[PDB]
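Beneath this line is the structure, given in structure tokens, with notes to follow.
When we count neighbours, we look across all protein chains shown, and the Cβ atoms used for this are built from the backbone with ideal geometry, even at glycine. Computed from the coordinates by the stated procedures, all read-outs in this text should not be read as laboratory data.
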Amino acid sequence: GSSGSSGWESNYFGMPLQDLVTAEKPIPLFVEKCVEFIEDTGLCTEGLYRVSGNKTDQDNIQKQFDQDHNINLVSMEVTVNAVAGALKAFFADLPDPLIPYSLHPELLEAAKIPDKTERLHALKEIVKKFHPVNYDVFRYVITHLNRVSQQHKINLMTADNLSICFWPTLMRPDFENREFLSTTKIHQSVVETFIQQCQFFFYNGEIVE
């Protein structure tokens, strides 16, 4: 029960993933309840991961979940905009970014690849190095995002749009050093690809455009 990430004192929250997840289930319930719920209540909702999302709800979505791990979003009468925001946030709370810095560059070098195929295969070589704790989640997250891009014509959200609203967190650069001419417009792409080709990445699907 040590304060830090979360402002309030929690028993399950704040703690690191490796501590949250268990050998039985590598994926965090929260992510499941949230994601599963989002896709459960229609994954073709307009501006699903775009609407700020009434924080009010998001505040409880997590709080209630903490006190009770048997809550039912369906009965909570919540809104996708909320459940979606609470999920993306949870990642921010974590002590470390879903994506490790030991691969930060490794991904860029593989993302800056001209040969579409190469760029993909390359990433698949790094996606494995990902921590055996976060990798399990990431692989699950990317799957959800992709499912959305499918109905981008309805929900009005494409792999890109999402990846753009997910890169801000999934990838948090920490330089704070007197250095310029380094910024790279790949961080956004890296994620996108992982989503668009999410299949060929895990489901070994087909390379999409």
Q) So which residues in the stretch 93-107 are farther than 18 Å from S182 by Cβ and not in a loop (DSSP other than H, G, I, E, B), if there are any at all? A) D93
Q) Can you name the residue in the stretch 45-59 that is more than 18 Å from the chain's Cα centre (by Cα) and crowded, with 16+ Cβ neighbours inside 10 Å and is also nearest to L94 (Cα to Cα) among such residues? A) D57
Q.
With the requirement that a residue be surrounded by fewer than 19 Cβ atoms within 10 Å (Cβ to Cβ) and either within 13 Å of the chain's Cα centre (by Cα) or acidic (D, E) (or both), what does the stretch 95-137 give you?
A. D96, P97, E106, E109, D115, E118, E125, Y135, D136
Q | Neighbours by Cβ (under 8 Å, 6+ apart or cross-chain): first from the stretch 40-60, more than 18 Å from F166 (Cβ to Cβ); second loosely packed, with under 12 Cβ neighbours inside 10 Å | A | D40/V74; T41/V74
Q.
When you scan the stretch 87-101, do you find a residue that is in contact (Cβ under 8 Å) with a residue 12 or more places away in the chain, closer than 24 Å to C198 by Cα and of a type in the set (D, E, K, R), even just one?
A. yes
Q | Close pairs (8 angstrom Cβ cut-off, 6 or more residues apart or separate chains): closer than 28 Å to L120 by Cβ in the stretch 170-195, β-branched (V, I, T) and assigned to a loop (DSSP other than H, G, I, E, B) anywhere | A | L170/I99; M171/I99; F194/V127
Q) Name the residues in the stretch 155-190 that are assigned to a helix (DSSP H, G or I) and touching a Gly at 6+ places or on another chain (Cβ under 9 Å), would you? A) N155
Q. For the stretch 132-153, how many residues meet the condition of being in a loop (DSSP other than H, G, I, E, B) and either acidic (D, E) or in contact with a helix residue (DSSP H, G or I) (Cβ under 8 Å, 6 or more places away or on another chain) (or both)?
A. 1
